[PDB]
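*Asks:* Hey, dropping input_37.tsv in here, TSV, N, CA and C atoms:
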```
chain	number	residue	atom	x	y	z
A	1	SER	N	6.87	-14.63	9.07
A	1	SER	CA	7.28	-13.81	7.94
A	1	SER	C	6.06	-13.22	7.23
A	2	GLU	N	6.01	-11.90	7.14
A	2	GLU	CA	4.90	-11.22	6.48
A	2	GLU	C	5.40	-10.02	5.68
A	3	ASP	N	4.59	-9.58	4.72
A	3	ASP	CA	4.95	-8.44	3.88
A	3	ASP	C	3.80	-7.44	3.81
A	4	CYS	N	3.88	-6.39	4.61
A	4	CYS	CA	2.85	-5.36	4.64
A	4	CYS	C	3.16	-4.25	3.64
A	5	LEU	N	2.20	-3.36	3.44
A	5	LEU	CA	2.37	-2.24	2.51
A	5	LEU	C	2.72	-0.96	3.26
A	6	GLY	N	3.42	-0.06	2.58
A	6	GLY	CA	3.81	1.20	3.19
A	6	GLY	C	2.74	2.26	3.06
A	7	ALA	N	3.16	3.52	2.97
A	7	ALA	CA	2.23	4.63	2.85
A	7	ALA	C	1.95	4.95	1.38
A	8	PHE	N	0.71	5.31	1.09
A	8	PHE	CA	0.31	5.63	-0.28
A	8	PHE	C	0.47	4.43	-1.20
A	9	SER	N	0.44	3.23	-0.61
A	9	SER	CA	0.59	2.00	-1.37
A	9	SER	C	-0.77	1.50	-1.87
A	10	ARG	N	-0.75	0.78	-2.99
A	10	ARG	CA	-1.98	0.25	-3.57
A	10	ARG	C	-2.68	-0.69	-2.59
A	11	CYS	N	-3.98	-0.48	-2.41
A	11	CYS	CA	-4.76	-1.31	-1.50
A	11	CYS	C	-6.25	-1.02	-1.65
A	12	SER	N	-7.08	-1.95	-1.19
A	12	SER	CA	-8.53	-1.79	-1.28
A	12	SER	C	-9.15	-1.65	0.11
A	13	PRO	N	-10.37	-1.10	0.16
A	13	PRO	CA	-11.09	-0.90	1.42
A	13	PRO	C	-11.55	-2.21	2.04
A	14	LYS	N	-11.86	-3.19	1.20
A	14	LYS	CA	-12.31	-4.50	1.66
A	14	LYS	C	-11.12	-5.41	1.94
A	15	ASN	N	-10.09	-5.31	1.11
A	15	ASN	CA	-8.90	-6.13	1.27
A	15	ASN	C	-7.71	-5.28	1.70
A	16	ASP	N	-7.97	-4.31	2.57
A	16	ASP	CA	-6.92	-3.43	3.06
A	16	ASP	C	-5.80	-4.23	3.73
A	17	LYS	N	-4.67	-4.34	3.05
A	17	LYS	CA	-3.53	-5.08	3.58
A	17	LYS	C	-2.31	-4.17	3.71
A	18	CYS	N	-2.37	-3.24	4.65
A	18	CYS	CA	-1.27	-2.31	4.88
A	18	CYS	C	-0.74	-2.43	6.31
A	19	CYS	N	0.50	-1.99	6.51
A	19	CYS	CA	1.12	-2.06	7.83
A	19	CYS	C	0.18	-1.52	8.90
A	20	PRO	N	0.50	-1.83	10.17
A	20	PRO	CA	-0.31	-1.39	11.32
A	20	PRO	C	-0.20	0.11	11.55
A	21	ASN	N	-1.14	0.64	12.33
A	21	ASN	CA	-1.15	2.07	12.64
A	21	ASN	C	-1.45	2.89	11.39
A	22	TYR	N	-2.02	2.24	10.38
A	22	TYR	CA	-2.36	2.91	9.13
A	22	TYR	C	-3.85	2.78	8.83
A	23	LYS	N	-4.26	3.28	7.67
A	23	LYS	CA	-5.66	3.23	7.26
A	23	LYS	C	-5.78	3.23	5.74
A	24	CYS	N	-6.77	2.50	5.23
A	24	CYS	CA	-6.99	2.42	3.79
A	24	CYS	C	-8.30	3.11	3.41
A	25	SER	N	-8.18	4.28	2.80
A	25	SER	CA	-9.35	5.05	2.38
A	25	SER	C	-9.73	4.71	0.94
A	26	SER	N	-11.03	4.51	0.71
A	26	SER	CA	-11.53	4.18	-0.62
A	26	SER	C	-11.39	5.37	-1.56
A	27	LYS	N	-11.30	6.56	-0.99
A	27	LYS	CA	-11.17	7.78	-1.77
A	27	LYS	C	-10.03	7.66	-2.78
A	28	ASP	N	-8.82	7.46	-2.28
A	28	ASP	CA	-7.64	7.32	-3.14
A	28	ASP	C	-7.25	5.86	-3.29
A	29	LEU	N	-7.81	5.01	-2.44
A	29	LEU	CA	-7.52	3.58	-2.47
A	29	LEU	C	-6.05	3.32	-2.16
A	30	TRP	N	-5.54	3.99	-1.14
A	30	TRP	CA	-4.14	3.83	-0.74
A	30	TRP	C	-4.02	3.77	0.78
A	31	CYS	N	-2.78	3.75	1.27
A	31	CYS	CA	-2.53	3.69	2.70
A	31	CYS	C	-2.22	5.08	3.26
A	32	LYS	N	-2.78	5.38	4.42
A	32	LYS	CA	-2.57	6.67	5.06
A	32	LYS	C	-2.31	6.50	6.56
A	33	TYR	N	-1.53	7.41	7.12
A	33	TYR	CA	-1.21	7.36	8.54
A	33	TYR	C	-2.37	7.88	9.39
A	34	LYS	N	-2.71	7.13	10.43
A	34	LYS	CA	-3.80	7.51	11.32
A	34	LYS	C	-3.45	7.21	12.78
A	35	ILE	N	-3.87	8.09	13.68
A	35	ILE	CA	-3.60	7.92	15.10
A	35	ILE	C	-4.81	8.30	15.94
A	36	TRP	N	-5.24	7.39	16.80
A	36	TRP	CA	-6.39	7.63	17.67
A	36	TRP	C	-5.94	7.97	19.08
```
Show how you would write the structure in this file as structure tokens.

*Replies:*
Amino acid sequence: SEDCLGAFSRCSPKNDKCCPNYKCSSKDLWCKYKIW
């Protein structure tokens, strides 16, 4: 059982705790969708 964060959710660059396939930018300090 886990609870991840969605998109544009509050998060930090060091403690980035957002769902997978995402990214935490320090710019806005939120979650963003990223694909490699």

*Asks:* Quick one: distance from atom N of residue 24 in chain A to CA of residue 11 in chain A in Å, one decimal?

*Replies:* 8.0 Å

*Asks:* Kindly provide, as a PyMOL selection string, the polymer residues lying within 12 Å of (-0.5, 3.9, 7.5), counting only C-alpha atoms and using the coordinates exactly as they appear in the file.

*Replies:* chain A and resi 4-11+16-25+30-35

*Asks:* Report, in Å with one decimal, the straight-line distance from atom C of residue 13 in chain A to atom N of residue 36 in chain A.

*Replies:*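 Separation between atom C of residue 13 in chain A and atom N of residue 36 in chain A: 18.7 Å.
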
*Asks:* So the first atom is atom N of residue 27 in chain A and the second is atom N of residue 1 in chain A; what is the distance between them in Å, to one decimal place?

*Replies:*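 Pair atom N of residue 27 in chain A / atom N of residue 1 in chain A returns 29.7 Å.
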